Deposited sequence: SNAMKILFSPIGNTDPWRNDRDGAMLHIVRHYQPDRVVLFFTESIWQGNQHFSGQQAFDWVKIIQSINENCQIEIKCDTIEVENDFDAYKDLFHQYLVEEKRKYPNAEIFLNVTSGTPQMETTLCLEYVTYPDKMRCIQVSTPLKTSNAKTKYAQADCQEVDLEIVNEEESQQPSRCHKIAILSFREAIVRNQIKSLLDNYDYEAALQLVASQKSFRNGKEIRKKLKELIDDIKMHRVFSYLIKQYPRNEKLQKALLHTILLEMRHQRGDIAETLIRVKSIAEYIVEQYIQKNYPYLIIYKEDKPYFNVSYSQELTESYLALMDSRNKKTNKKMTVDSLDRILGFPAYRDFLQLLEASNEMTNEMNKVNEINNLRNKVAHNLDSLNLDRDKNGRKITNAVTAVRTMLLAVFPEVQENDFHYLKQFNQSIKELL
């Protein structure tokens, strides 16, 4: 229930040879197309010493004889060099573009047996390049009688009767595996750069992929995970009882992704908020009721340790900056202190790009290195706050990439 158009070169074994259909007629016979576009070289239509010339055969009559209500279209071109790819690259491209234009829902069947061998290769290369609603059909030679214009009508019905008890010699060839490889090698490099939307895009387009449904599912889940800051289901299963761990872990993974990919300005802006979330929970865990919230926003309480309250005042007269102040007073030059310093080294640099909208310059005053130390600090802190986190889960993205490649 669709329009079937056949594009068919024409060769010396057409319309038939040895009382057996020629490649063009055999596709017509076994596929019954609604439209047929024939392409004759000027030289094979006129003729040479060894061949009468294809203008002698009534092409519309022969095709409609075995295919009812078949629309036929003859194309004839002058080709100075008939084995030259250049003569067919653009000529065949322009014809098929016209058929696709006129009949967008039609199925296009290409004869890759008729004409010169380079006609086969050009149609096979067009197909590989534009596979949609297109397919290549090959007709095999039967495993000496020549087509005669003078004896057309008799020969046709002889060929009919001999073909009535013979099996089909048409075979839909399988060469889209070549296009698949081009796309496969392209997707591998996209995955390494965390270009998952682009990976999905190339995968979606390639209907050939044997594991397409699984690939598309895993990619979309991850893509939406990234966009809405959703914890990865794997992280949900690994750490089911600690949602606070899950979220700090998702962000540290995404933070390292952005930094690795070159989204450095992006990285710098988000380092602090993740650093704040991990320090916030560090304070709850080891000095619990120091923090008090009435509208879900950290507020410093003095009743936890009144004496310590006054020591902050001593320091002040002389949020992350507050946690950093609190902590150093309770414990100085310890594991946690020297990590939050490195996050504070970019505090004022973060303000420039976050709130003054300025550009980022790694070249100036050792700037990029300052960002790398801050990222490293976030990982080092996360492990101190949540000792249950496994170092091997930091490679979730690299592990996800590899699992996808093996599916490609």
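Enquirer: List in ascending order the stretches of the deposited sequence, numbered from 1, that lack C-alpha coordinates.
Expert: In the chain as deposited, 1, 145 to 150, 326 to 343 carry no coordinates.
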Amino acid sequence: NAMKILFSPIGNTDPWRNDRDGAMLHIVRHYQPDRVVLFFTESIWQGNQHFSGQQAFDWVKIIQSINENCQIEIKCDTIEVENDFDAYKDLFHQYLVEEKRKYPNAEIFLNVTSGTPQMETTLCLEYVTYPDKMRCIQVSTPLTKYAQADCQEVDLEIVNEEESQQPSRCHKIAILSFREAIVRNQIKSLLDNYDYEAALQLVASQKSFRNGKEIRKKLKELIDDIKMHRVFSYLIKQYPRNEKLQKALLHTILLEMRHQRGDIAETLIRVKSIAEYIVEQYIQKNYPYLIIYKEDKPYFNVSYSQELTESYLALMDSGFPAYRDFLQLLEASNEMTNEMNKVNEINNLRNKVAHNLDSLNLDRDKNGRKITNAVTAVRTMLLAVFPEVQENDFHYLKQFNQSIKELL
From here on, numbers count along this sequence of modelled residues.
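Enquirer: Highest mean C-alpha temperature factor of the two stretches 358 to 366 and 343 to 351, which is it?
Expert: Looking at the record's C-alpha B-factors, the answer is 358 to 366.
Enquirer: Looking at the entry, does 68 to 76 or 327 to 335 show the higher mean C-alpha B-factor?
Expert: According to the entry, 327 to 335 carries the higher average C-alpha B-factor.
Enquirer: Among the choices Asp296, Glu120, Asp195, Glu221, identify the one whose CA B-factor in the record is greatest.
Expert: If I rank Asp296, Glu120, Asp195, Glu221 by C-alpha B-factor, first place goes to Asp296.
Enquirer: Return the residue from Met134, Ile137, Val183, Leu156 that has the highest Cα B-factor in the entry.
Expert: By C-alpha B-factor in the record, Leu156 ranks first.
Enquirer: In terms of the chain's CA B-factor thirds, is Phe40 lowest, middle or highest?
Expert: For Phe40, the deposited C-alpha B-factor lands in the middle third.
Enquirer: Consider only the C-alpha atoms of the modelled residues in this chain, order them by B-factor as the entry records it, and name the third containing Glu98: lowest, middle or highest.
Expert: Middle third.
Enquirer: Quick check for you: using the entry's CA B-factors within this chain, is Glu162 in the lowest, middle or highest third?
Expert: Highest third of the chain for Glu162's C-alpha B-factor.
Enquirer: Which third of the chain holds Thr252 when residues are ordered by C-alpha B factor: lowest, middle or highest?
Expert: Its C-alpha B-factor, which the entry lists for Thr252, ranks in the lowest third among residues of this chain.
Enquirer: Could you look up the Cα B-factor of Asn211 in the entry and say which third of the chain it sits in: lowest, middle or highest?
Expert: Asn211: CA B-factor falls in the middle third of its chain.
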